[PDB]
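Residue numbers (the working numbering), protein chains in the order written: chain A, 1 to 422; chain B, 423 to 771; chain C, 772 to 825; chain D, 826 to 1263.
One structure is given below, encoded as structure tokens.
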Amino acid sequence: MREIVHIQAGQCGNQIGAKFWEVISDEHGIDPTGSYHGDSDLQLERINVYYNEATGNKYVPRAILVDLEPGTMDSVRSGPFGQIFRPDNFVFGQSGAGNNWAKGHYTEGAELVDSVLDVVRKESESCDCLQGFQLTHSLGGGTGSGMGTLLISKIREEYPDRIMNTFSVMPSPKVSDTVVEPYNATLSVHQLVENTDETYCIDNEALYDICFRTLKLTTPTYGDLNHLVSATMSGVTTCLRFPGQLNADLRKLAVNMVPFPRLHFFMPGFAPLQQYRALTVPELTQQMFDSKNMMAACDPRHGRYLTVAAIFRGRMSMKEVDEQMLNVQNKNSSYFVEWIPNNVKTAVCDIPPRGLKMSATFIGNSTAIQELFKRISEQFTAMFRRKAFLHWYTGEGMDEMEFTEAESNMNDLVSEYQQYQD
Amino acid sequence: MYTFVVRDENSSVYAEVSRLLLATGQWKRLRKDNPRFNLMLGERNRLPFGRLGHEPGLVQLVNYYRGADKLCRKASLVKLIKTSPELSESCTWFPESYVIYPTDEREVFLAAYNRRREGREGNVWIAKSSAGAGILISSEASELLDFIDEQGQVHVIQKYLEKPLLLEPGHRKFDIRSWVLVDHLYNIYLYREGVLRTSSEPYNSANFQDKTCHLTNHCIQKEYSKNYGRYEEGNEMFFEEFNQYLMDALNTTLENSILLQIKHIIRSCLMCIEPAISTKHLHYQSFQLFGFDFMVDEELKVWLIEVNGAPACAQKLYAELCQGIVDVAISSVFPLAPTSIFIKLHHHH
Amino acid sequence: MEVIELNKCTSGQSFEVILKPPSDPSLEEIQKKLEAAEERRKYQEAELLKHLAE
Amino acid sequence: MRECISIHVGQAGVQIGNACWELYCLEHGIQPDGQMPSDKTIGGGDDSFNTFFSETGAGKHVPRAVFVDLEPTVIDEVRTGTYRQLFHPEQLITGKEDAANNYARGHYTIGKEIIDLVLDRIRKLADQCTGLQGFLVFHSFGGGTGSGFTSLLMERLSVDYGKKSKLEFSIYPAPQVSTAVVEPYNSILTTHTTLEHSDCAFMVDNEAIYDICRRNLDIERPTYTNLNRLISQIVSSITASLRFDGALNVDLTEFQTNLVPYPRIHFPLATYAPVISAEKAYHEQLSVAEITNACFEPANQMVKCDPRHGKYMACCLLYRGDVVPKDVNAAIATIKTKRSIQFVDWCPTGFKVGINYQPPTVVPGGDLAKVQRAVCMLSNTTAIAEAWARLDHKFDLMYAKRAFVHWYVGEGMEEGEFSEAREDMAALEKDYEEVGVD
Ligand SMILES: Nc1nc2c(ncn2[C@@H]2O[C@H](COP(=O)(O)OP(=O)(O)OP(=O)(O)O)[C@@H](O)[C@H]2O)c(=O)[nH]1
Ligand SMILES: Nc1ncnc2c1ncn2[C@@H]1O[C@H](COP(=O)(O)OP(=O)(O)CP(=O)(O)O)[C@@H](O)[C@H]1O
Ligand SMILES: Nc1nc2c(ncn2[C@@H]2O[C@H](COP(=O)(O)OP(=O)(O)O)[C@@H](O)[C@H]2O)c(=O)[nH]1
Ligand SMILES: CC(=O)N1CCN(c2ccc(Cl)cc2)CC1
Ligand SMILES: CC(=O)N1CCN(c2ccc(Cl)cc2)CC1
Ligand SMILES: [Ca+2]
Ligand SMILES: [Ca+2]
Ligand SMILES: [Ca+2]
Ligand SMILES: [Mg+2]
Ligand SMILES: [Mg+2]
Ligand SMILES: [Mg+2]
């Protein structure tokens, strides 16, 4: 009974979080009212990982919805699976965070964080053996970024020896809401370097290009981008939610994915992305490793993989899977570090996602992720050198010194990635 | 797309093999430490065979047979010929030899030595070791043993061929180099092209002090000999010319008079150690190129001198021989997307 | 080629063939190790809590 | 009669233990409910099989075994499995979260808090033994529990049972059936601290078992069940002498005497034959000479390596089935004239042979065919040092960059224990070379 406590904060965090629970609820046979109606016992074997069991055979997600404004969470409660969430697990304010990291982290968020922890404490206390936490949020806004990282810090203070994972949406000028996003993202990245064990980096630019170029969506919407995020989040958690020869909790997974404590930022991928055609194993493996299928907006051919994990879902030839995986590495070994033996691992799951005969999810710890932090650091410095828009932050009590430190911290992170790429 | 690594930057042979593999556009070279490889061009010494054949899904091949040193070490070869039932009894093609440390065959050597001295027979021996460029030819036993104690490594004393076949004109010694390729299936391929490394000095059996006319090494002839390149370019005569010579001088052919014995000697040595080095049922595959060095006496009898495990090739033959390596040794295991240059010495496995 | 010490019973037999003749830390010390590692875990955690307190 | 207590640590040890005790029951005619019709002494006796089974007054034959795992999912397969009725609940010990493939976590963090409980349960089994021989300890090298907790247990067993032999069955890490990258660390850490505490250890390389299952059993992608059923046959062959009437390897002390001249070099190479697929139409029953010759083929070894380039220090032939001494010697002489068998000059060039007439037993509906005769060779070769070299090299690759080291330090382990354990493995590699190479 290795329970996980899920937290979703801010607009982005709650919209992606909502689609995630919608997706896996479907996979586990849970209807919008919380009643099970599947046809396989595999759907319930690990159901307690993400769902609490209530009276009358009800399954209630172990999820906490956090936001500094009511808007988005009112949408969740009225959405498809809105009724499935625990009424007491909606924790929200009225002021909002104004896309301001300082407001979410120091002023508005600080006033709300204690009641969020009360709910976290409540969920953890009813866990047979808490596996860890997962947070969905963006880094470019105010609540998910500033208050989200504050939450992580206070969770780590109270649960120092539990795994803390995040699905973190990285900003991009292409799909930008405000010009202060580089400020908010840089301030958050430093928090994550210290206080998360694994962070799946989701780049809205990569999601956009996949919708425009690969998926052929003329005008992508946040809904479209979130469909890819939901699908990815379901893939990475497949080994946690269904039985298989994997059998590994968050800590065991983190141990084999993270060789150095600060380099724990993953590039996820999914495949597939003329829609009823059967996709062969070669097509899954080639696409999954293709850059046009990854959501980090980074070219893996610019860095090297420290560790790579792949989850294949569906009834397929596991012999043919190994043949294709062992073909991609042995045909591109120049992009894998040679000093971590056997750093490419594969796992199969028989239950395919909804409406797909088979799929593959990709999780890469690549040094190419430094390009994502370089882009952010460049946008940050361009503004910070002129102190542009800083008054929104110094008006909340922050000093310029804290920005200088965050700038240095992320530049160190880039330097740390660069030395392992050589 | 096949991958290979290079771990001996001093191999002239596999420098060209590596140059040819890259030319096919279907072979990719990796850093020498990358374990994910199909073919290893390994180092001459301490090659880590124990780490081969453990990468999932990778068919791994190496250019050395683990255990072939038994054949390519002076003292090891002598011991193999004497302790192998396939050889010792009828090994009429290896000069009488004895392992001598500075177990040890000191007393046994002297017994055969006193026999020759007492029987008026030619009692000239040559002492040598694997640590040589350090050779000594002498007819007195005292000098041969005192020369080994001054050193500090194992030496072998074998009978010096006092009646070598001398080419004319010139009245000069020589030796024959034969290149043999053994693939993963243990087929024994003899390169159709050999080389005679000739001495440009007239053979003088009354002065074993000046070793220029006795040692036919390409380096000694190009260094201490004053007639280097007079008769043949680089003191190297190839089979076409040598065969024609045997027809004009002795009314015989290179095939009948010599090559039959060479083929028999190559098969005897390689078949003998096959059970101990074969990779047929192993988790990795081996092949290797060998340099067999022969002497020919005035009776047209062939003598095995030594076997080189890391041989070089004749400048004129690098192109053809190296292509043959890739053809039968590498591409046979890793195919790409004639009239073979080799001679298959068939045998029972 | 000699067989020696042939032992026979209803469930089997055994023997020996010769082809050729020839030619701790105490309980206390284990406690110290375990508690030393525990102490280093306590110290590292105290440094984290100190960091979070700052 | 002298009792043997089996200890199964971690997932690999537990599941292999599960497969062995299933096989033992089928070999001794013990039903899943614990009853044994052929046992005429009810609730008592000092028969050979009583070395591994005790008996209740109600006629139940209870394995002298303890199962230990830091997380319960694997042992619950035993609590509810076919043979759930064989074990008392106290024999199955499970924590709530595992060592996360972290030796430091299994040895220090979690081991410290569960060791005394495990000793207490083991003590309760020892108190039923009138003459305890020692322990058989099953575990993996790569697991955080199998590596970390085992080495702690071995240290404490040397304290509490100084005069008792300890034998290991260790699962050597293979990438083809593993999703972990830190197993080289755990392997070297556990071998270092366990070395002076284990009298004899049989390493099984998953790479070898995997290939034997693909090659001989035509299993495209073997599972752990396929691997464990095969491994249990070899284990059964090794422990048969302790459970059946006989004169060879009748107590654990005899394993060291016949297989380990030098204490640190206590890792015999195991070879088994034949492994025949059950789905086969009908195989030709192999002869004594043939299955004996198979013992010198690298493809039938539990650890892939080339014994032709090592030296033998000892050699045991264990036959089960229709085998008579006449056929064994005939096959032996034939093999000495064809194979490369170099013994160390300070050890007789001989073979201790044991024959058990009962042919190999196979789990009904399993992958292994019923054969009329099988053999397991236990030979102490320097060739097995290849496995240490391979594993030590992988350790070096990662340790040069300190990759993953922080996970061990975070659990209270000092970085110095890495290099201390590595230098011990370097000395172990040197020992093999001083015995093997000239
Ligand atoms: N042959 C065999 N190997 C196994 C089996 N189970 C696990 N392994 C191997 O053991 C290694 C993993 O260690 P585990 O035994 O699973 O881990 P553990 O001992 O339970 O320790 P934890 O980290 O706490 O889970 C890998 O190399 C697996 O291939 C098994 O049933 N049979
Ligand atoms: N018993 C013998 N009788 C006659 N000549 C001999 C001999 N032993 C060695 N030689 C001479 O020595 C030369 C080869 O020496 P040897 O091969 O033993 O040293 P080496 O191994 O350093 C040279 P390489 O390995 O390149 O052939 C031959 O040209 C031959 O003339
Ligand atoms: N992929 C995705 N990105 C979003 C979504 N909503 C907002 N974002 C991104 O998140 C950032 C805005 O942060 P937001 O979550 O709205 O701020 P918050 O409510 O204060 O936490 C911008 O970079 C947006 O591009 C969403 O639903 N999906
Ligand atoms: C939750 C988490 O940490 N992860 C990353 C590692 N994962 C993984 C998948 C397949 C294999 Cl073979 C190994 C590891 C699953 C998801
Ligand atoms: C009264 C009763 O039920 N019993 C039988 C089982 N017991 C037991 C304890 C520890 C171990 Cl390791 C094995 C068995 C305790 C006594
Ligand atoms: Ca307020
Ligand atoms: Ca009884
Ligand atoms: Ca001891
Ligand atoms: Mg917003
Ligand atoms: Mg030489
Ligand atoms: Mg486990």
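For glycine and all other residues, C-beta sits at the position ideal for the given N, C-alpha and C.
- Separation of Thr1078/D and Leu1067/D (C-alpha to C-alpha, rounded to the nearest whole angstrom) is 11 Å.
- Minimum Cα-Cα distance from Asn432/B among the listed residues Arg458/B, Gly464/B, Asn460/B, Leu443/B corresponds to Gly464/B.
- Beta-carbon to beta-carbon, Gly967/D and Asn926/D are separated by about 7 Å, close enough to satisfy the 8 Å threshold.
- Counting along the chain, the unbroken beta strand (DSSP E) around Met267/A starts and ends at 265-271.
- The beta-carbon of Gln286/A is placed no less than 8 Å from the nearest beta-carbon of chain B.
- Residue range 101-105 is occupied by the alpha helix (DSSP H) that includes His105/A.
- One finds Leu452, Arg453, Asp455, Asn456, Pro457, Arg458 in chain B with Cβ atoms closer than 9 Å to the Cβ of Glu338/A, taken in chain order.
- If you draw a 10 Å sphere on the C-beta of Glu543/B, you find fewer than 16 other C-beta atoms in it, and that means exposed.
- Residue-level contact by beta carbon holds for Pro478/B and chain A, with a gap shorter than 8 Å.
- The bridge partners DSSP lists for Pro586/B are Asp719/B.
- Per DSSP, the beta bridge partners of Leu711/B are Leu603/B.
- Rounded to whole angstroms, the separation of the alpha carbons of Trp449/B and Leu207/A is 36 Å.
- Neighbours of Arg1215/D in chain B, taken as residues whose beta carbon is under 8 Å from its own, are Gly472, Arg473, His476 in chain order.
- In summary, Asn365/A is buried, with 16 or more beta-carbon neighbours lying within 10 Å of its beta-carbon over all protein chains present.
- The contact set of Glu809/C on chain A, defined by CB atoms closer than 8 Å, is empty, because the minimum CB distance reaches about 13 Å.
- Interface annotation, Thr425/B: in contact with chain A, CB-CB separation under 8 Å.
- Judged by their CB atoms, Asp249/A and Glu1008/D are not nearer to each other than the 8 Å cut-off.
- For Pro760/B, no chain D residue has a C-beta closer than 7 Å to its own C-beta; the minimum C-beta separation is roughly 35 Å.
- At a cut-off of 8 Å between C-beta atoms, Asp114/A does not count as an interface residue with respect to chain D.
- Relative to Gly141/A, the option among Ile64/A, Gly109/A, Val49/A, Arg162/A whose CA is nearest is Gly109/A.
- In this structure, the alpha-carbon of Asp795/C lies about 18 Å from that of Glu993/D.
- The C-alpha of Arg1133/D lies about 18 Å from the C-alpha of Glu1115/D.
- Among the residues of the region 148-176 of chain A, those with a Cβ less than 9 Å away from any Cβ of chain C are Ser153, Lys154, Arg156, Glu157, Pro160, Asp161, in the order of the chain.
- Judged by the Cβ position, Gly141/A qualifies as a neighbour of ligand 3 at the 7 Å threshold, a heavy atom of the ligand being closer than this.
- Legend: CB atoms of the region 1225-1236 of chain D lying less than 9 Å from CB atoms of chain A belong to residues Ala1225, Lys1226, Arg1227, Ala1228, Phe1229, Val1230, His1231, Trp1232, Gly1235.
- Counting C-beta atoms within 10 angstroms of its own C-beta, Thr1162/D has fewer than 16 neighbours from the protein chains shown and is therefore classed as exposed.
- Under the 8 Å criterion on CB atoms, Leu1067/D is classed as non-interfacial with respect to chain C.
- Within chain B, no C-beta atom comes less than 8 Å from the C-beta of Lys1136/D; the nearest is roughly 14 Å away.
- Residue burial is scored here from C-beta neighbours: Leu567/B has at least 16 other C-beta atoms within 10 angstroms and is therefore classed as buried.
- Interface annotation for the region 307-340 of chain A against chain D: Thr307, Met318, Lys319, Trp339, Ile340, criterion Cβ-Cβ distance under 7 Å.
- For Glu198/A, the CB falls within less than 7 Å of some heavy atom of ligand 4.
- Shortest gap from the CB of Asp1070/D to any heavy atom of ligand 7: 7 Å or more.
- Residues of the same chain with a CB within less than 6 Å of the CB of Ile855/D, apart from the 5 flanking positions on each side, are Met861, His886 in chain order.
- Counting other Cβ atoms within 10 Å of its Cβ, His771/B stays below 16 and is therefore classed as exposed.
- The nearest non-hydrogen atom of ligand 1 is 7 Å or more from the C-beta of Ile163/A.
- Considering only beta carbons, the part of the region 912-931 of chain D lying closer than 8 Å to chain A consists of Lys921, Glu922, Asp923, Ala925, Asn926, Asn927, in chain order.
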